[PDB]
Structures are given as structure tokens and as C-alpha cells.
>>> print(open('structure.cif').read())   # mmCIF, C-alpha atoms and all ligand atoms
data_my_file
#
loop_
_atom_site.label_atom_id
_atom_site.label_comp_id
_atom_site.auth_asym_id
_atom_site.auth_seq_id
_atom_site.Cartn_x
_atom_site.Cartn_y
_atom_site.Cartn_z
CA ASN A 1 9.08 4.88 -18.02
CA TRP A 2 5.89 5.31 -16.02
CA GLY A 3 5.11 7.93 -13.40
CA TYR A 4 2.36 10.13 -11.97
CA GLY A 5 2.74 13.20 -14.23
CA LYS A 6 0.63 14.47 -17.13
CA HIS A 7 2.49 12.56 -19.83
CA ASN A 8 3.33 9.31 -18.03
CA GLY A 9 0.70 9.05 -15.28
CA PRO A 10 -2.24 6.72 -14.61
CA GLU A 11 -4.07 7.71 -17.82
CA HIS A 12 -1.11 6.44 -19.89
CA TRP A 13 -0.29 3.19 -18.08
CA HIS A 14 -2.69 1.07 -20.18
CA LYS A 15 -0.48 1.41 -23.27
CA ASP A 16 2.43 -0.54 -21.78
CA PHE A 17 0.20 -2.44 -19.29
CA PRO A 18 -3.17 -3.21 -20.95
CA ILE A 19 -4.34 -4.94 -17.75
CA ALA A 20 -4.83 -1.35 -16.50
CA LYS A 21 -8.35 -1.64 -18.02
CA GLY A 22 -8.86 -5.17 -16.68
CA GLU A 23 -11.64 -6.74 -14.66
CA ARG A 24 -10.18 -6.44 -11.13
CA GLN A 25 -8.12 -3.24 -10.96
CA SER A 26 -7.25 -1.26 -7.82
CA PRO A 27 -7.78 1.00 -6.03
CA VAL A 28 -11.56 1.39 -5.82
CA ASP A 29 -14.02 3.61 -4.01
CA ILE A 30 -15.40 1.76 -0.99
CA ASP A 31 -19.11 2.49 -0.83
CA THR A 32 -19.74 1.65 2.82
CA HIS A 33 -23.48 1.30 2.36
CA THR A 34 -23.06 -1.23 -0.48
CA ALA A 35 -20.45 -3.35 1.29
CA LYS A 36 -21.98 -6.35 3.05
CA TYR A 37 -21.00 -7.73 6.44
CA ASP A 38 -19.72 -11.28 5.99
CA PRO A 39 -20.21 -13.30 9.20
CA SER A 40 -18.20 -16.25 7.84
CA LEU A 41 -14.91 -14.33 7.84
CA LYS A 42 -12.66 -15.58 10.63
CA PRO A 43 -10.74 -12.87 12.53
CA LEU A 44 -7.84 -11.27 10.76
CA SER A 45 -4.46 -12.27 12.22
CA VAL A 46 -1.52 -9.85 11.87
CA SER A 47 1.58 -11.43 13.44
CA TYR A 48 4.48 -9.00 13.10
CA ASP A 49 6.40 -9.82 16.32
CA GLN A 50 9.38 -11.29 14.43
CA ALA A 51 9.38 -8.90 11.44
CA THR A 52 12.92 -8.08 10.32
CA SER A 53 13.45 -5.09 8.03
CA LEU A 54 16.54 -4.87 5.80
CA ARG A 55 16.65 -1.65 3.79
CA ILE A 56 14.70 1.39 2.64
CA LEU A 57 14.83 2.37 -1.03
CA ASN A 58 13.65 5.36 -3.08
CA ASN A 59 12.48 3.66 -6.30
CA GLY A 60 11.58 6.88 -8.11
CA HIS A 61 7.87 6.38 -7.37
CA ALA A 62 7.71 5.89 -3.58
CA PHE A 63 9.97 4.47 -0.87
CA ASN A 64 9.92 0.78 0.03
CA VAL A 65 10.82 -0.59 3.45
CA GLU A 66 11.95 -4.14 2.68
CA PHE A 67 11.90 -7.14 4.97
CA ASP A 68 13.86 -10.36 5.11
CA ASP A 69 11.12 -12.80 4.05
CA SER A 70 13.38 -15.87 3.96
CA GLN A 71 11.87 -17.35 7.14
CA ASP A 72 8.37 -17.85 8.54
CA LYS A 73 8.07 -14.39 10.13
CA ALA A 74 5.67 -11.44 9.80
CA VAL A 75 2.56 -13.30 8.70
CA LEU A 76 -0.93 -12.20 7.71
CA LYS A 77 -3.70 -14.82 7.85
CA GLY A 78 -7.38 -15.28 8.63
CA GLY A 79 -10.08 -12.94 7.47
CA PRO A 80 -10.67 -13.53 3.76
CA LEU A 81 -7.35 -15.32 3.36
CA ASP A 82 -6.75 -19.02 2.85
CA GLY A 83 -3.40 -20.06 4.26
CA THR A 84 -0.56 -17.75 5.20
CA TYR A 85 0.89 -14.66 3.56
CA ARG A 86 4.37 -13.33 4.40
CA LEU A 87 5.34 -9.64 4.61
CA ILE A 88 7.84 -8.54 1.98
CA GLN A 89 7.68 -4.74 2.07
CA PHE A 90 5.66 -1.67 2.87
CA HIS A 91 5.33 1.72 1.23
CA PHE A 92 2.98 4.70 1.12
CA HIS A 93 1.04 6.80 -1.36
CA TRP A 94 0.52 10.45 -0.46
CA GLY A 95 -0.64 13.82 -1.72
CA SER A 96 0.72 17.27 -2.36
CA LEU A 97 -1.94 18.57 0.07
CA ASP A 98 -3.58 16.99 3.10
CA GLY A 99 -6.90 16.75 1.19
CA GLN A 100 -5.68 14.01 -1.18
CA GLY A 101 -3.17 11.18 -1.35
CA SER A 102 -4.96 7.94 -0.60
CA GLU A 103 -5.65 5.41 -3.33
CA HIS A 104 -8.72 3.78 -1.89
CA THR A 105 -11.49 6.18 -0.98
CA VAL A 106 -14.34 5.74 1.51
CA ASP A 107 -17.66 7.07 0.20
CA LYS A 108 -15.46 9.22 -2.10
CA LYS A 109 -13.44 10.60 0.85
CA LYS A 110 -9.71 10.88 0.13
CA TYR A 111 -7.29 10.54 3.04
CA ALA A 112 -3.93 12.32 3.23
CA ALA A 113 -2.01 9.09 2.57
CA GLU A 114 -2.28 5.31 2.49
CA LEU A 115 0.09 2.66 3.84
CA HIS A 116 0.42 -0.64 1.94
CA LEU A 117 1.90 -3.69 3.68
CA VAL A 118 2.57 -6.21 0.89
CA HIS A 119 2.48 -9.96 1.58
CA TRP A 120 2.87 -13.02 -0.67
CA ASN A 121 1.05 -16.34 -0.39
CA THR A 122 3.53 -18.86 1.05
CA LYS A 123 1.98 -21.70 -0.98
CA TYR A 124 3.80 -20.20 -4.02
CA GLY A 125 7.29 -20.23 -2.49
CA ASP A 126 8.31 -16.63 -3.17
CA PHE A 127 7.04 -13.27 -4.37
CA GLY A 128 7.99 -13.76 -8.02
CA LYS A 129 5.95 -16.95 -8.40
CA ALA A 130 3.14 -15.51 -6.27
CA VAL A 131 2.55 -12.66 -8.76
CA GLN A 132 1.71 -15.27 -11.39
CA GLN A 133 -1.30 -16.37 -9.32
CA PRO A 134 -4.79 -14.88 -8.81
CA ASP A 135 -4.42 -15.32 -5.03
CA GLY A 136 -0.70 -14.60 -4.90
CA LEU A 137 -0.74 -11.40 -2.80
CA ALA A 138 -2.50 -9.81 0.15
CA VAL A 139 -2.09 -6.08 0.76
CA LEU A 140 -3.09 -4.62 4.10
CA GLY A 141 -4.07 -1.00 3.44
CA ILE A 142 -4.16 1.62 6.19
CA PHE A 143 -5.39 5.20 5.77
CA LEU A 144 -3.43 8.14 7.19
CA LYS A 145 -5.05 11.38 8.36
CA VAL A 146 -3.23 14.50 9.54
CA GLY A 147 -3.50 15.20 13.25
CA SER A 148 -1.48 13.85 16.14
CA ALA A 149 1.91 12.35 15.32
CA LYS A 150 2.37 8.60 14.95
CA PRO A 151 5.41 7.81 17.15
CA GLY A 152 6.11 4.53 15.36
CA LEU A 153 6.44 6.33 12.00
CA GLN A 154 9.21 8.66 13.18
CA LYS A 155 12.09 6.27 12.41
CA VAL A 156 10.90 6.12 8.79
CA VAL A 157 10.51 9.92 8.64
CA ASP A 158 14.01 10.53 10.00
CA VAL A 159 15.73 8.29 7.44
CA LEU A 160 14.15 9.96 4.39
CA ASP A 161 16.75 12.71 4.08
CA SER A 162 19.28 9.98 3.24
CA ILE A 163 17.17 8.57 0.37
CA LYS A 164 16.06 11.86 -1.21
CA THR A 165 16.38 10.87 -4.87
CA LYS A 166 15.60 7.89 -7.14
CA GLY A 167 17.92 4.94 -6.63
CA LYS A 168 19.15 5.81 -3.14
CA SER A 169 18.83 3.18 -0.46
CA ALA A 170 19.86 2.95 3.16
CA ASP A 171 20.15 -0.01 5.45
CA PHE A 172 17.07 0.01 7.71
CA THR A 173 17.07 -2.76 10.32
CA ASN A 174 14.94 -3.39 13.41
CA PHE A 175 11.95 -1.34 12.30
CA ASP A 176 8.76 -2.59 13.98
CA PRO A 177 5.75 -2.32 11.62
CA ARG A 178 3.44 -3.00 14.59
CA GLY A 179 3.87 0.70 15.45
CA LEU A 180 2.03 1.67 12.25
CA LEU A 181 -1.26 -0.19 12.93
CA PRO A 182 -4.49 1.38 14.27
CA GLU A 183 -6.33 -0.14 17.24
CA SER A 184 -9.12 -1.94 15.37
CA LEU A 185 -8.63 -4.53 12.65
CA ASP A 186 -12.13 -3.92 11.23
CA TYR A 187 -11.72 -3.97 7.46
CA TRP A 188 -13.23 -4.10 3.99
CA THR A 189 -11.97 -6.71 1.54
CA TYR A 190 -12.24 -7.23 -2.22
CA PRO A 191 -10.20 -8.90 -5.03
CA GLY A 192 -7.99 -6.45 -6.91
CA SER A 193 -4.59 -5.62 -8.30
CA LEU A 194 -1.32 -3.89 -7.71
CA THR A 195 -1.89 -0.15 -8.01
CA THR A 196 1.43 0.53 -9.84
CA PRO A 197 2.69 -1.02 -13.07
CA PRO A 198 2.62 -3.85 -13.88
CA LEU A 199 -0.84 -3.66 -12.21
CA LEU A 200 -0.98 -7.44 -11.73
CA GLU A 201 -4.34 -8.88 -10.71
CA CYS A 202 -3.05 -10.95 -7.79
CA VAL A 203 -4.21 -9.07 -4.69
CA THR A 204 -6.72 -9.77 -1.95
CA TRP A 205 -7.14 -6.25 -0.58
CA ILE A 206 -7.75 -5.81 3.15
CA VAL A 207 -8.37 -2.11 3.86
CA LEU A 208 -8.65 -1.13 7.51
CA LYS A 209 -11.57 1.11 8.47
CA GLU A 210 -9.72 2.94 11.26
CA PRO A 211 -7.10 5.44 10.01
CA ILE A 212 -3.90 6.22 11.81
CA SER A 213 -3.08 9.85 12.59
CA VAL A 214 0.28 11.27 11.54
CA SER A 215 1.45 14.80 12.12
CA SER A 216 1.59 17.53 9.51
CA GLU A 217 5.37 17.61 10.06
CA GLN A 218 5.61 13.87 9.32
CA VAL A 219 3.76 14.03 5.99
CA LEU A 220 5.61 17.22 5.06
CA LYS A 221 8.82 15.18 5.23
CA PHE A 222 7.34 12.60 2.81
CA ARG A 223 6.75 15.50 0.42
CA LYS A 224 10.44 16.51 0.48
CA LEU A 225 11.43 13.31 -1.35
CA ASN A 226 12.18 13.50 -5.10
CA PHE A 227 10.93 11.42 -8.05
CA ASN A 228 14.07 12.35 -9.99
CA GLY A 229 17.59 11.03 -9.62
CA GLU A 230 20.51 12.83 -7.98
CA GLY A 231 21.83 15.60 -10.18
CA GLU A 232 18.50 15.80 -12.06
CA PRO A 233 15.91 18.63 -12.01
CA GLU A 234 13.91 18.42 -8.81
CA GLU A 235 10.38 17.03 -9.04
CA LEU A 236 8.93 16.59 -5.56
CA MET A 237 7.58 13.11 -4.76
CA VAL A 238 3.93 14.01 -4.25
CA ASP A 239 0.60 12.72 -5.56
CA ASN A 240 1.96 9.22 -6.18
CA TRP A 241 -1.54 7.73 -6.00
CA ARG A 242 -3.66 6.05 -8.66
CA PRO A 243 -7.32 7.19 -8.64
CA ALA A 244 -10.23 4.86 -8.03
CA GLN A 245 -10.93 2.37 -10.84
CA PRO A 246 -14.21 0.76 -11.99
CA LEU A 247 -15.60 -1.82 -9.56
CA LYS A 248 -16.91 -3.97 -12.46
CA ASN A 249 -19.43 -5.92 -10.36
CA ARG A 250 -16.96 -7.06 -7.72
CA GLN A 251 -18.39 -7.12 -4.21
CA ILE A 252 -16.72 -5.50 -1.22
CA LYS A 253 -17.20 -7.39 2.04
CA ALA A 254 -17.08 -5.85 5.51
CA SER A 255 -15.63 -7.69 8.51
CA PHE A 256 -17.88 -5.79 10.92
CA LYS A 257 -21.57 -5.11 11.47
CO CO A 301 0.83 0.63 -2.92
#
>>> encode(input="structure.cif", output="C-alpha cells")
Amino acid sequence: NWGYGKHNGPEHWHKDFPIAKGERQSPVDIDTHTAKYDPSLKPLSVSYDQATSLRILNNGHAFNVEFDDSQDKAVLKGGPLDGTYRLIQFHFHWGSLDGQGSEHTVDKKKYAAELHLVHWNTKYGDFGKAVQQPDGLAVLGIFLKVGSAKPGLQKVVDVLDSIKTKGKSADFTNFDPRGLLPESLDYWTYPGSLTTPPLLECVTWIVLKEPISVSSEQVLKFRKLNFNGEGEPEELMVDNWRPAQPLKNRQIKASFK
């Protein structure tokens, strides 16, 4: 029964999910002066040319754009990753105001939103088995700032009025996630967790340094979604971000000098 409010939000999750106070929780603050360039990282490879989306779903916490991951398509590899990870879905975390919304922070700076592209390690056969493994997942995180519109986001924006409330879904085919990526693949990486219950400690995080810009009108449409179900009192879907968690002696590596 978890959420982001006063009585069910991040400060309460540890009761049902004690891993919330674990040794490799996410998100974290990225202290850019403490992160070390790692010259042994091979280039990151994001290969989304054959990505095939299926549906978009309001799950009562965010919206998920889901992909058909039944074939070797939409693959993340290289960088800190061993082997190949396959895209399963993406979603966002965002604020009630432009000054907050991201989960990761950069020298304490909060962005207006954060995009998470979730991939599972193909050595484990599927997502469900992957989330039983310490290297089961790789999440590519991308910061959003408010400025110029992101043309590739508009198809997502325009479908949201059909999934206003918890439990609504719409078919959502032929969406190209390449249109959501910034120019540079410079990144920070560290071992962490899912940022929503069950907070599983399976994730190699790859957080891009370059944000994308989205327009005020685009993020305003995110903020018109509802946490509640149809026919329930309206609670706007805003501030669905978990705050930074203790680093606990992990090291953040930078892909760039
Ligand atoms: Co997320």
C-alpha cells in the first residue's frame, strides 16, 4: 500500500521492505568531485534501433512504457556492464514544481524530472529471475530540465490524458526511445537498487551527465496524472521521487575526464 505521501511515503517503506535501509540503496547524491574517472570502462553502447513498445500503463505511482523484450532487441552493453542487458520498460519521476523531481542529484542539485530506462541481464533469461541477482538490472538514468521542448517526448505526453488514473493502460506501439536521449553518453555509474518497493539491490546505475530539455507544457502534462483510481478523490501524480540515500562507502565512477 506504498506511495509518496506523508503516511505511506519513503520514510515508511522500510517497514514492509527492510532492504530500504540496506547497503546499496538508490538514488544517491552524485558528488562530482569525489567520483573518479575510470579509464578501463569501455564505451557505453545503447542500441535501440529495433525497440518495440507495447503499452503504457498508469500503475498508481508513475506511468510505464513497456516493451516487447521477447527477442534480442533494444540492448544496453559496454561501460560498466558485463554482457548484454535488454530494455523492458521506461518511466519517469517528477516534481510538483520545476525545482524538484529527480531522484539522483548532482552536487545536491535536483532536476525537474528523471527518466529511467530499465534493462535486465540476458544471462538470467527474464526480468523475474534477473531481480534475484546482484547484477540482474541496469538502469539508464537521464535528467530532465525545463526549457526547450523535447520533440521525441511529445507522443508520450499526448497519450497521458487516456491513462489519467491508476490502472488505466493504452496500447502504445512504435515509440522510439532514441528520441529521449541527450547527445553525450558521458555518465556516472555505481551499484544500487530499485528506487520503488521492493527496492531490490540488483541495479548497475548508469546516470547520464547531460540532461535533456523538456518544455514547461510537457512536464505540466505529467503533473495532470492521478495517483488515485477512477472515481476516487483526485490526488495529482507529483513528487513521485525517493530522496537520496546513504552512499555507505560505495564508489561512483565517471566515464569521462
Ligand atoms: Co525509476
>>> closest_residue(input="structure.cif", among="A:225, A:65, A:252, A:170", to="ligand CO 301 (chain A)", atoms="all atoms listed in the file")
A:65
>>> closest_atom_pairs(input="structure.cif", of="chain A", to="ligand CO 301 (chain A)", cutoff="10 Å", atoms="all atoms listed in the file", output="tab-separated table")
residue	atom	partner	partner_atom	distance
A:26	CA	A:CO301	CO	9.6
A:27	CA	A:CO301	CO	9.2
A:62	CA	A:CO301	CO	8.7
A:64	CA	A:CO301	CO	9.6
A:90	CA	A:CO301	CO	7.9
A:91	CA	A:CO301	CO	6.2
A:92	CA	A:CO301	CO	6.1
A:93	CA	A:CO301	CO	6.4
A:102	CA	A:CO301	CO	9.6
A:103	CA	A:CO301	CO	8.1
A:114	CA	A:CO301	CO	7.8
A:115	CA	A:CO301	CO	7.1
A:116	CA	A:CO301	CO	5.0
A:117	CA	A:CO301	CO	8.0
A:118	CA	A:CO301	CO	8.0
A:139	CA	A:CO301	CO	8.2
A:140	CA	A:CO301	CO	9.6
A:141	CA	A:CO301	CO	8.2
A:193	CA	A:CO301	CO	9.9
A:194	CA	A:CO301	CO	6.9
A:195	CA	A:CO301	CO	5.8
A:196	CA	A:CO301	CO	6.9
A:240	CA	A:CO301	CO	9.3
A:241	CA	A:CO301	CO	8.1
A:242	CA	A:CO301	CO	9.1
>>> closest_residue(input="structure.cif", among="A:4, A:37, A:85, A:63", to="residue 256 of chain A", atoms="only C-alpha atoms")
A:37
>>> closest_residue(input="structure.cif", among="A:49, A:98, A:234, A:16", to="residue 178 of chain A", atoms="all atoms listed in the file")
A:49
>>> atom_distance(input="structure.cif", atom1="atom CA of residue 43 of chain A", atom2="atom CA of residue 77 of chain A")
8.7 Å
>>> residues_around(input="structure.cif", residues="residue 74 of chain A", least_positions_apart="3", cutoff="6 Å", atoms="all atoms listed in the file", output="PyMOL selection string")
chain A and resi 47-48+50-51+86-87
>>> closest_residue(input="structure.cif", among="A:88, A:7, A:220, A:254", to="residue 186 of chain A", atoms="all atoms listed in the file")
A:254
>>> residues_around(input="structure.cif", residues="residue 22 of chain A", least_positions_apart="4", cutoff="12 Å", atoms="all atoms listed in the file", output="mmCIF file with C-alpha atoms, keeping the file's coordinate frame")
data_model
loop_
_atom_site.group_PDB
_atom_site.id
_atom_site.type_symbol
_atom_site.label_atom_id
_atom_site.label_comp_id
_atom_site.auth_asym_id
_atom_site.auth_seq_id
_atom_site.Cartn_x
_atom_site.Cartn_y
_atom_site.Cartn_z
ATOM 1 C CA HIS A 14 -2.690 1.070 -20.180
ATOM 2 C CA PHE A 17 0.200 -2.440 -19.290
ATOM 3 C CA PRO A 18 -3.170 -3.210 -20.950
ATOM 4 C CA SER A 26 -7.250 -1.260 -7.820
ATOM 5 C CA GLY A 192 -7.990 -6.450 -6.910
ATOM 6 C CA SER A 193 -4.590 -5.620 -8.300
ATOM 7 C CA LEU A 194 -1.320 -3.890 -7.710
ATOM 8 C CA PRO A 198 2.620 -3.850 -13.880
ATOM 9 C CA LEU A 199 -0.840 -3.660 -12.210
ATOM 10 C CA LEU A 200 -0.980 -7.440 -11.730
ATOM 11 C CA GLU A 201 -4.340 -8.880 -10.710
ATOM 12 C CA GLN A 245 -10.930 2.370 -10.840
ATOM 13 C CA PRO A 246 -14.210 0.760 -11.990
ATOM 14 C CA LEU A 247 -15.600 -1.820 -9.560
ATOM 15 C CA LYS A 248 -16.910 -3.970 -12.460
#
>>> closest_residue(input="structure.cif", among="A:202, A:238, A:130, A:219", to="residue 149 of chain A", atoms="only C-alpha atoms")
A:219
